[PDB]
Structures are given as C-alpha cells and as structure tokens.
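First, one chain by itself in structure tokens, the form deposited in one PDB entry.
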C-alpha cells in the first residue's frame, strides 16, 4: 500500500510541475531596492497611514492588500472582494520595479495585474492549505520572493494528519529574486501552503494577480 501511495505521490508531483514556471528575474541589487520599499510599506502601516482593510496582522505574518483584497463573507466559494476603494492603490514602485519587469520578460501580459498582496513572514510563519479562489482570481497566479530563500509546498493534506504520517506532494524551492508562475493543475487542482520550518529568516512575497471582472464583492 505504501509503495502504491509513493508512486501516486510521484505521479501527482509530475502533474504539479507541469503547471509551474519559475525564473530568476531580479538581481541582488534589484532585490535590495525592492526590499527597501517593502520596509517602507511596513513602516507606513505601522504609522497607521493605510485604510483598515489594507493591513491584516497575525502573530508571525502580515498581509498588505493593494488594488484589490478579499476576505471571507457571510454565506460560489465564500471569499469576497472588499468594496471598491476599501484597500489602498497599488504603489507606483510595484508597477515600475516589479510588474513592468515581468511584462518586459513576457511572464504576464501588459495590464493583467490589478491586485498586489505583500505577505511578510517571520521565521515560523504558517499558511493554511488553500487554492487561490477561482471565483475571485484569473490564472495565472504570480509570486515574487524577497529577503531570503524558502519553499512553497503543494498538496497540503499533511497539515491535517499527525506528524510522520504524511508530507507535501511537492516542495518547490523559491529563491530570493525568483518569480513563480502557477497555472493549470498547480493553480487549480491542488492546494498550496507554507510550513514554519521552511521559513528560516524573514521572507516576503509579492503576489500579483488579476481579479475577475465578475468577482463578487461584499
């Protein structure tokens, strides 16, 4: 049975990989300049200069929503965009330093991205198993990593089983300055998550997405 389980995990991992594209697009210098602006965002949030729904604080992780943000609404799936104008606009530097570079290297089309979420993790931070809500966001899902090298996990059923019973279907290395593009199986047909032990130093990720025109709002 365990041999079968193992072969099955390998097969699923192949399928996950089919929907993953990665590249290193930001040099150490570009990363440093972007990292300084991420620190500016954190500073302005701590000064209380953003709207309430822009900033979501948790013990080992903060989220900063720009352009569009979402939350669980009263109950498609339950996630809902905030009302228009509730979250702060995407900062110019995200357009100029990050998105424009992605467009230049043909990762996404011009005018695709209208949502930018900055996730800032301290060592030990955790994200629950999830699929990016398909009734909110079009594919592909793009993420850009900063401050340190880490890992993104796919197939996250292990989160709900005892330690030593299960493991991620795929652990994907995500290096500082790398761009990760999720489509097909990887974005639609399996969960992803982050494990505390994989965050060894501060890690930040800029998640760049397109909201559906018909995405429901609160």
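Numbering follows the first chain given and starts at 1. Take the two forms, superpose them, and find the largest set of C-alpha atoms that agree within 1.5 Å; that set is the rigid core. Residues that one form lacks are left out of the comparison.
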query: Coordinates absent for residue 76 in a third or more of other entries; finding: no
query: Chain break class for residue 75 to residue 76, judged by how many deposited residues have no coordinates; finding: 4 to 9
query: Stretch with the greater mean C-alpha B-factor as recorded in the entry, comparing 56-64 against 171-179; finding: 56-64
query: Stretch with the higher entry mean CA B-factor, where the candidates are 40-48 and 188-196; finding: 40-48
query: Per the PDB entry, maximal CA B factor within 140, 83, 133, 125; finding: 83
query: Record-listed C-alpha B factor of residue 153: chain third; finding: lowest
query: CA B-factor placement of residue 87, once the chain's modelled residues are sorted into thirds; finding: highest
query: Third of chain Cα B-factors occupied by residue 202; finding: highest
query: Residue 15 - Cα temperature factor, lowest/middle/highest third of chain; finding: lowest
query: Record-listed C-alpha B factor of residue 107: chain third; finding: highest
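Heads up, the form deposited in another entry isn't pictured, but that's what we're talking about next.
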{"item": "Candidates 178, 62, 54, 166 - which moves between the shown form and the other one, C-alpha at least 2 Å, core fixed", "value": "166"}
{"item": "After fitting the core, residue 33 CA displacement of 2 Å or more between the shown form and the other one", "value": "no"}
{"item": "Distance trend in the other form - C-alpha atoms of residue 150 and residue 165, change of 3 Å or more", "value": "closer"}
{"item": "Shift in CA distance, residue 164 and residue 198, in the other form relative to the form shown here, given it is 3 Å or more", "value": "closer"}
{"item": "Shared-residue segments moving between the shown form and the other one, Cα shift 2 Å or more over 3+ consecutive positions, core-fitted", "value": "72-75, 157-166"}
